[PDB]
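The structure appears below as C-alpha cells.
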Amino acid sequence: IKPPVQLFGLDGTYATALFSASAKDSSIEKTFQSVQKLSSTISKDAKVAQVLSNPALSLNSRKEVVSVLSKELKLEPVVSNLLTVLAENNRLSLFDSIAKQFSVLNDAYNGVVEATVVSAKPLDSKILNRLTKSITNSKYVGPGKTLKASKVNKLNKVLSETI
Amino acid sequence: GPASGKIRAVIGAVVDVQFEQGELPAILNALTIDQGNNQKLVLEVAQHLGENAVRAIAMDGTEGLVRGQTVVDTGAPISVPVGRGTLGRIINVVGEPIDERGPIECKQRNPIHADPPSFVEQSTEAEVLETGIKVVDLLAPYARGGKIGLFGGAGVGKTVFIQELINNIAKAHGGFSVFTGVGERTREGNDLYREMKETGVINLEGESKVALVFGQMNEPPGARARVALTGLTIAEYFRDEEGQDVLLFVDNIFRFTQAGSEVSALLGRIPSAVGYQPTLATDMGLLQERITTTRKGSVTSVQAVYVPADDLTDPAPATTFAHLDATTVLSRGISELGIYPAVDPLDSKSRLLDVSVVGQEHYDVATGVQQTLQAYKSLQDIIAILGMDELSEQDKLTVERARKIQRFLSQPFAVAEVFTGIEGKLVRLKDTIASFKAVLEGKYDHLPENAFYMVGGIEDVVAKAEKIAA
Amino acid sequence: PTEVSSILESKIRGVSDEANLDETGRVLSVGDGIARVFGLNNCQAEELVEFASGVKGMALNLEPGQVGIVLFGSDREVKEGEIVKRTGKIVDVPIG
Amino acid sequence: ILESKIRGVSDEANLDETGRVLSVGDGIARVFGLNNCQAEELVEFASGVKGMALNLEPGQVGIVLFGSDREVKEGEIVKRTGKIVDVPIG
Amino acid sequence: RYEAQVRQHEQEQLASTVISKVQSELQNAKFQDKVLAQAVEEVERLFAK
Ligand SMILES: Nc1ncnc2c1ncn2[C@@H]1O[C@H](COP(=O)(O)OP(=O)(O)O)[C@@H](O)[C@H]1O
Ligand SMILES: [Mg+2]
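Protein chains in written order, with the entry's author numbering: chain U, 6 to 153, 180 to 194; chain F, 7 to 476; chain C, 7 to 102; chain B, 13 to 102; chain V, 154 to 202.
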C-alpha cells in the first residue's frame, strides 16, 4: 500500500517503507511515541551520538548497541527492526529525517496542513478543505491576532510603475 | 542587535554562513567576522544554499577560522569612500586607506554594487582624443569618454602603454583621475605613486586629482574580483553628482574575470570554456556598462586586457572586445623585431576611424597605409622561402615602402627612456597625417629604413638620415 | 492640461481588489540567476513566475520536489523562503 | 541519562581537538570530527604522517596528507597541532 | 522639453509626498483599517463557496 504523499523518493522512502507493515492490526499509534524516544535519547545526551556517528565500529557492534538501548526504553514491537536496517546500510547519521517523515503520514491522511497568514492555521480533521477553512478563519481572526503589510506594499508598487 | 550568523563550512575563499534566525542576509551583503587584529574580516554574500544557510565569499585570507565563528551582518554591501577626499590616497577593496595617512574624511559612502545607466540616460559622442603616438593618431583613434582596450600578451607592452598615455593626457585633462589597479604587481604600485607625486598629480600637502586603489595579485581571490567595483564607484560619483570628465585607468582588466573563475568551482557552478565560469558575459557586462558616458558627465575608460598565453580567442579576451570603442592589440611577434611599441595595424580598430570625424585627408592616409601593410604580410610565404628577388616590379616597391612605414609609427615614449636611451617624442595629429602621406607618394623613397625607426614626424626623419650619412 | 497629475491618480485608484487566492510557492535556493522554487504543482512549463520582491521568473526545469526557475532580472532581492506566485500564462510579449 | 552507561562502547572520544579517519585515498584523508580545528591547520596522524586540513564542511574535514597513502587507514586517530602550516626560520 | 520636465518633476514630487502621508496614517493605529480588513476577507470567501 502506497499513500499519495510522494515525500521525495530515495531519502524520504525510509519512513514510508515501514509504514506499510505498521498499518496492520492497528500498529500506527504506538509507532509515534516510540520514534520520539530514539531521537531524544541521542541528541540531548552526549553519549551514544559520538560513538555512532563515526565511521568505525562494525556490523555486529552497531546491532548490539541498538538492541541494548531498546530493552530498557520503549521498544518491543516493530520498533527494533527500524534501527537494524540503518546500522548495516550506514544510515544512522540521519536519524532525524526518518522520524520526521513518519509523523507527516498521520497528519495528512487524518488532518489538514498548509498555512494561511501570520503563524500556523488550525489543521482540522473533518473532510473537505473548503468547509473547514471558512469556519476556522472567522474564529481565529477575532481571538488573538496581534498583527506584528501585504496590501500596503502592492499599492506603492503600482504608483511607481506609472510615474 | 544586528543579524548574527555561524560559520558552517570553509573551503578557501568560500565560507558558508548559517544564520540561526529567519532573517537571512541578501546577495552581495558585506559580512563582518571578528578575529583579533583591529580589522575584522570582510565577506561578500554570493548565493544561498537553503536551510538557513548562505554561501559567502571572503575578501581576505580565511586561514584561522574555525567551525562556529560569529559572523555579523552589516545590512548592506561593501561601501567605499567617494568624493574629493579619495584623491591622492591609496584605498583598498573595502574602502580602507592603505597609505598610512589617517582615515578618509568623506561625507558620503556609496556601495560598490550598483546598477549601470539606462537607455534614456546614455549620451553618445564622436570627439577624438589626441594621445601623441603616431600609430594611435592615424590607425585606431581613441574616443573621448569611451572605453579603450589595450590587449596584449606577457612582455609585449601593456603596462608601458598605459603609463605613457597617463603622462600626456591625464596631466592636462582638467578632471579627476581614477587609477584602480587589479591584479598588478607589488613593485608596480609603489613606483606609480612615487612618480605621480613628483610631477604634480598626487599632492599629499596640497590638491590632488587622481584616485589610487590598491589590489595586487598578492591578495586572495575575493579582493581581486572586488577591486574593480571599488575603483569604479569613486569615478561614477564625480561624473553624476559633480559632472566631471573622469578618467578610469584599470591595469589590468583581465584580472577581474580570472579571479572569479577560481572561486566559481567552490560555489556549485559548473565550469565553462577553458575552465571558466558560466556567467562570464553577465559578470563582465554589469561592470563595463557602468563605466560609460552619461548625460551628467563623461568617463574615459583606459583599461588594459591580458591575452592568455598569447591567444585572442580565449573566453576572457574575446568577450571584452564588444564593450570597447577603441582596441589596441599588442602582438608578440612585432615586439621582438624592434617596434616600440608593438602596435599591430592589422588588428587594432576603432569606431572613430571615419571621414566624418577625422576628415577626408586623414581617412585617405589611414586606408593607404593599411593597404600597403596587408599586401606585404600576405606575400610573406614567398619572401621567406624563395626570397625578395622573386617579386615583380610593382611588388618590389610596395615591400620597401611597407618596411619604412612600420618603423615610422613606433615612437619612443617618455616613460621608456631608460630602456631605449632616446628622448620622448610626442607627435601631434596634424604632423602625423602629413608625414605618412609624403612617404607614400614617393618623396622619401631615397632615404634608408633605419632613419625612420624610433623617431617622430617628418622633421625627425630628415635629420636622422643626414647624420648617419656623414 | 489643467492639473495633469490629478488624472493619473484617479485612474490608478481602484485596481487591487481580487488578489486573495493563494497561487504561490516558496523559494528554497536562489543564486546566479537560477532560483529553485519548492512547490507550485499547478505551474506549467515555460510559465511566467512573479516573485514577492517584484522580479519576474520563468520556470524552465520542473522536478518532483523542486522547480528550477530562471529570474529575468537581479537576484539581489530574492532570498530563501520568498513567495513565488504564478501568473498562469506562458512567456508572452506585446505585439501590434 | 540512563542510556549513557547502558551502551558500553567507550563513550569518551574527545572530538574537540582530535578526529577519526573515515576515508583515505588520492593523497587525501577525510577526517570525521575536529570541530575546533581552524582552516589550513597542521594535523598529525597515528603513524606520524603530517596533514593539512584544507576544506572543513559539516561533519567532515578534508585533510591533505603530506606523505604516502600507506601511513593512513580507515578508523585511525588523527590529532590536531593547534597551529597553521608553519616552518622553522632564523 | 523644459515644460515636460517641469510637469514630470511636479508629478514625482506630489507622488512622493502622497506616499509619505499614507505610510504615516497607517502607523497611527487606524481603527477603521483593522475593521475593514476582517470584513473584506469574509465577503471574498463566501462568493467562492
Ligand atoms: N617603448 C618601448 N621601448 C622599449 N621597450 C619597451 C617599450 N615599451 C615596453 N617595453 C618593454 O616591454 C616590457 C614589458 O614588461 P611588463 O610590463 O612586465 O610586461 P607586460 O607589458 O606584458 O605587462 C618591459 O620590460 C620593457 O622593457
Ligand atoms: Mg603590466
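A virtual CB, placed ideally from N, CA and C, is assigned to each residue, including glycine.
Relative to ligand 2, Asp257 of chain F has its C-beta within less than 8 Å of a heavy atom. Judged by beta-carbon spacing, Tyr148 of chain F lies within the 9 Å limit of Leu358 of chain F, meaning their Cβ atoms are closer than that value. Boundaries of the beta strand (DSSP E) around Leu68 of chain C: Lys62 to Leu68. The beta carbon of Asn174 of chain F lies closer than 8 Å to those of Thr137, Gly138, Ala420 and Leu432 in the same chain, with the five residues before and after it left out.
Between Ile18 of chain C and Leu190 of chain U a beta carbon distance of about 6 Å is seen, short of the 8 Å cut, so the two are scored as contacting. Secondary-structure assignment with DSSP links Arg82 of chain B through no beta bridge to anything. Closer than 9 Å at the C-beta level to chain F, one finds these residues of the region 45-77 of chain B: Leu46, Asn47, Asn48, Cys49, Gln50, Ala51, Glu52, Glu53, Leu66, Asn67, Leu68, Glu69, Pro70, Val73 and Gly74.
A residue is called buried when at least 16 other Cβ atoms come within 10 angstroms of its Cβ; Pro347 of chain F meets this threshold and is buried. When DSSP states are grouped into helix, strand and coil, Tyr459 of chain F belongs to the coil group. In this structure, the beta-carbon distance from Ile96 of chain B to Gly228 of chain F does not fall below 9 Å.
If the five residues before and after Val20 of chain F are omitted, its C-beta is found closer than 7 Å to the C-beta atoms of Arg61, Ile63, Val269, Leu272 and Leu273, all from its own chain and listed in chain order. Assignment of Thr121 of chain U by DSSP, reduced to helix, strand and coil, places it in the coil class.
Under the three-state reduction of DSSP, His179 of chain F is assigned to coil, being neither helix nor strand.
Among the residues of chain B, those whose CB is under 7 Å from the CB of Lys52 of chain U are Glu15, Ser16, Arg19 and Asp23, following chain order. For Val33 of chain B, DSSP records a beta bridge to B:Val43.
Contact between the region 107-126 of chain F and the region 74-89 of chain F is present: three or more C-beta pairs spanning the two stretches fall below 8 Å. The beta carbon of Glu29 of chain B sits no closer than 9 Å to any beta carbon of chain U. Residues of chain B whose Cβ lies closer than 7 Å to the Cβ of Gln41 of chain U do not exist, since the nearest Cβ in that chain is about 14 Å away.
Chain-ordered, the chain C residues with CB closer than 9 Å to the CB of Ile33 of chain F read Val36, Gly37, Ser80, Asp81, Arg82, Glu83, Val84 and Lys85. Beta-bridge partners of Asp22 of chain F (DSSP): F:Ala15 and F:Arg61. Taking 8 Å as the upper bound on Cβ-Cβ separation, chain B lies near residues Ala61, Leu62, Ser66, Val70, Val73, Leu74, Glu77 and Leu78 of the region 61-89 of chain U. In the DSSP annotation of this structure, the continuous segment of the beta strand (DSSP E) that includes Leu253 of chain F starts and ends at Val252 to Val256. Linking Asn59 of chain U to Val84 of chain C through their CA atoms gives a straight-line distance of about 38 Å. Contact of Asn58 of chain F with chain C is assigned, a C-beta pair being separated by under 9 Å. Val118 of chain U has its alpha-carbon roughly 29 Å from the corresponding atom of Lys49 of chain U. Between the alpha carbons of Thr137 of chain U and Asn47 of chain C lies a distance of about 22 Å.
Within the same chain, and ignoring the five residues on either side of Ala279 of chain F in sequence, the residues whose Cβ sits closer than 6 Å to its Cβ are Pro321. Residue state for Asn209 of chain F is assigned as coil, using DSSP reduced to three classes. Apart from sequence neighbours up to five positions away, the residues of its chain that approach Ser39 of chain U with a beta-carbon distance below 7 Å are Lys79, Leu80 and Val84, ordered along the chain.
Between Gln294 of chain F and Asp38 of chain C, the C-beta spacing is not below 9 Å. Partner residues in a beta bridge of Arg67 of chain U, as assigned by DSSP, do not exist. The continuous beta strand (DSSP E) containing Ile96 of chain B extends over residues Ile89 to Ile96. Straight across, the Cα-Cα distance linking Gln114 of chain F with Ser181 of chain U is about 33 Å. In this structure, DSSP gives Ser10 of chain F an extended state, which the three-state scheme calls strand. Taken through DSSP and simplified to helix, strand or coil, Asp317 of chain F comes out as coil. The residues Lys46 and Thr76, in chain order, have a CB closer than 7 Å to that of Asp40 of chain F in the same chain once the five nearest residues on each side in sequence are set aside.
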